[PDB]
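Below you'll find the structure, written out as structure tokens, and then a few comments.
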Amino acid sequence: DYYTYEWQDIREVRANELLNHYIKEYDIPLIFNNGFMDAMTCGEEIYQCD
Amino acid sequence: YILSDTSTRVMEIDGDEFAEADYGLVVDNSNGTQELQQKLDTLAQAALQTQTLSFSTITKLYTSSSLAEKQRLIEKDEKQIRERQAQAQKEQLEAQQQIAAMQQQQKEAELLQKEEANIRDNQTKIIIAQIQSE
Amino acid sequence: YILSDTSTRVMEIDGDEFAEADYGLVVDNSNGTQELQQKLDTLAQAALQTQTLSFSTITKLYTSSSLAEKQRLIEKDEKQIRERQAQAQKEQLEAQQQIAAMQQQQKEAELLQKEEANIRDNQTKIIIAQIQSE
Ligand SMILES: [Mg+2]
Numbered sequence: 153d154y155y156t157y158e159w160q161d162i163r164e165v166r167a168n169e170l171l172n173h174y175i176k177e178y179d180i181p182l183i184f185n186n187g188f189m190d191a192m193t194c195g196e197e198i199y200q201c202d
Numbered sequence: 606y607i608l609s610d611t612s613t614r615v616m617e618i619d620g621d622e623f624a625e626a627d628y629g630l631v632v633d634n635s636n637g638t639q640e641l642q643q644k645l646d647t648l649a650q651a652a653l654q655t656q657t658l659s660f661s662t663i664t665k666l667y668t669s670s671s672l673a674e675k676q677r678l679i680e681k682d683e684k685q686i687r688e689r690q691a692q693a694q695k696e697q698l699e700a701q702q703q704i705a706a707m708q709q710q711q712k713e714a715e716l717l718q719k720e721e722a723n724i725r726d727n728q729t730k731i732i733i734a735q736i737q738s739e
Numbered sequence: 606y607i608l609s610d611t612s613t614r615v616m617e618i619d620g621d622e623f624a625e626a627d628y629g630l631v632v633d634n635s636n637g638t639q640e641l642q643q644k645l646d647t648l649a650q651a652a653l654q655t656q657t658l659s660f661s662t663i664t665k666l667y668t669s670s671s672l673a674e675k676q677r678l679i680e681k682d683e684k685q686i687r688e689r690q691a692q693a694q695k696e697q698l699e700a701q702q703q704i705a706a707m708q709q710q711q712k713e714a715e716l717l718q719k720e721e722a723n724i725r726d727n728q729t730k731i732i733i734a735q736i737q738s739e
């Protein structure tokens with residue numbers, strides 16, 4: 153079934169399987185939610201990805 | 606564990622150093638991709654009925670989380686069934702034709718029987734004419 | 606008592622010293638997994654009617670508590686019906702062929718009888734003319 157797939161498709165599945173996991177693992181929507189409170193208080197909204 | 610067999614071998618085909626927005630892939634939460642997601646599941650629900658997508662495929666669509674995998678499953682399951690219906694049309698066509706072949710083979714067998722049935726009456730009429738003439 | 610026969614056996618594999626989120630499993634109460642539980646239970650009902658899913662398996666889905674268990678159960682019974690509907694079509698396909706097989710040999714038995722019938726009138730006819738010649 154990967155003969156009907158495309159190269160931009162296999163790169164897109166791998167990108168989502170990385171992103172769908174770690175959003176649910178770290179609970180990233182809460183990390184972005186604390187960052188909005190600094191946005192309304194400083195005017196700054198910064199994150200480090202390490 | 607979080608990636609597949611084909612997804613882990615992407616690391617070998619070169620250049621993965623380069624950002625994904627250089628290879629045509631962007632992170633997008635916008636009204637275009639929610640409209641494409643709501644279309645692609647409504648299209649699958651319209652394909653679940655009329656027996657175009659199996660119940661194996663639709664549960665893979667609900668647990669996909671990527672608009673291109675769930676696009677390829679609609680494409681893959683349509684090509685499989687439309688191949689199966691085209692060969693089912695073909696096997697039903699040749700079956701009535703071999704039925705048309707076996708009825709034709711027996712009626713010329715009936716036809717060849719009555720002509721060999723007739724001549725052996727005719728040549729034995731020559732025999733019963735022959736014996737008493739002595 | 607609270608676990609299955611398979612679920613007590615993953616302890617024998619060398620992985621349960623580590624967290625579950627290292628093997629792709631997280632706890633989730635979101636809009637994502639709540640929509641999946643609706644989409645599996647609605648697809649179960651559309652499979653219950655149109656005779657694709659039995660009443661025994663629907664009772665297993667309601668008391669399943671896992672969104673991947675009831676994914677593997679709807680795919681289980683749908684594979685059970687598609688093999689039965691394929692073999693019953695093939696059993697009906699050979700049944701018309703074997704009736705057509707036995708109707709073929711019986712009319713050839715009507716064919717092979719009348720060629721050996723008429724020659725028997727012929728060979729006794731030669732005995733008639735040979736007796737009168739003496
Ligand atoms: Mg028990």
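Quick mapping for you: the protein sequence lines, in order, are chains Y, L and H. Position 32 of the first sequence, counting from 1, maps to 184 under the deposited numbering, and the rest follow consecutively. Position 61 of the second sequence, counting from 1, maps to 666 under the deposited numbering, and the rest follow consecutively. Position 34 of the third sequence, counting from 1, maps to 639 under the deposited numbering, and the rest follow consecutively. Beta carbons: idealized from backbone N, C-alpha and C, even for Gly.
Outcome for residue i when other beta-carbon atoms lying within 10 angstroms are tallied against a minimum of 16
| i | result |
| --- | --- |
| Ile704/H | exposed |
| residue 581/L | This structure cannot settle anything about residue 581/L, because the visible part of chain L is limited to 606 through 739. |
| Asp682/H | buried |
| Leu698/L | exposed |
| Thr655/H | exposed |
| residue 757/L | Past the edges of chain L, shown from 606 to 739, lies residue 757/L, and the structure says nothing about it. |
| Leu641/H | buried |
| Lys684/H | exposed |
| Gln709/L | exposed |
| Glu158/Y | exposed |
| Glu164/Y | buried |
| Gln676/H | buried |
| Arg166/Y | buried |
| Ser659/L | buried |
| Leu648/H | buried |
| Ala706/H | exposed |
| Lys719/H | exposed |
| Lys644/L | exposed |
| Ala673/L | buried |
| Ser669/L | buried |
Expected contact under 8 angstroms - CB spacing of residue i and residue j to nearest Å
| i | j | result |
| --- | --- | --- |
| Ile162/Y | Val615/L | 6 angstroms |
| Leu653/H | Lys665/H | Not a contact, Cβ separation roughly 12 angstroms. |
| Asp190/Y | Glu196/Y | 6 angstroms |
| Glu680/L | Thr156/Y | 6 angstroms |
| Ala734/L | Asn723/H | Contact flag wrong, Cβ pair sits at about 19 angstroms. |
| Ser661/L | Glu169/Y | With 8 angstroms as the limit, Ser661/L and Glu169/Y do not qualify as a contact, their Cβ atoms being about 21 angstroms apart. |
| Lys730/H | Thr729/L | 6 angstroms |
| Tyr628/H | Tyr667/L | Actually they do not touch by this definition, with Cβ atoms about 22 angstroms apart. |
| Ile183/Y | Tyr174/Y | Not quite, the Cβ-Cβ distance comes to about 11 angstroms (not below 8 angstroms), so this is no contact. |
| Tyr178/Y | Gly187/Y | Wrong, their Cβ atoms sit about 13 angstroms apart, outside the cutoff. |
| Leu716/H | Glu715/L | 6 angstroms |
Residue i: first and last residue of the uninterrupted alpha helix (DSSP H) it sits in
| i | result |
| --- | --- |
| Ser661/H | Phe660 to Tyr667 |
| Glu680/H | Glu674 to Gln737 |
| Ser612/L | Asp610 to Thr613 |
| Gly620/L | Neither: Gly620/L is in no alpha helix (DSSP H) and is coded neither H nor E. |
| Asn634/H | Premise fails: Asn634/H is in no alpha helix (DSSP H) and is neither H nor E. |
| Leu630/L | First-last for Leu630/L: undefined, no H or E at that position. |
| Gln160/Y | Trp159 to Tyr178 |
Within-7 angstroms CB hit, residue i to chain Y
| i | result |
| --- | --- |
| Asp633/H | yes |
| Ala693/H | no |
| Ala706/H | no |
| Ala626/H | yes |
| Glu617/L | no |
| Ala673/L | yes |
| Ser612/L | yes |
Interface flag, residue i vs chain L, CB-CB below 7 angstroms
| i | result |
| --- | --- |
| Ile162/Y | yes |
| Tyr178/Y | no |
| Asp153/Y | yes |
| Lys681/H | no |
| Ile732/H | no |
| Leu716/H | yes |
| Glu197/Y | no |
| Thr193/Y | no |
| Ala649/H | no |
| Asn185/Y | no |
Short CB-CB distance (under 7 angstroms) between residue i and chain H
| i | result |
| --- | --- |
| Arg687/L | no |
| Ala722/L | yes |
| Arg677/L | no |
| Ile736/L | yes |
| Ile607/L | yes |
| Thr638/L | no |
| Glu713/L | no |
| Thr655/L | no |
| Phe660/L | yes |
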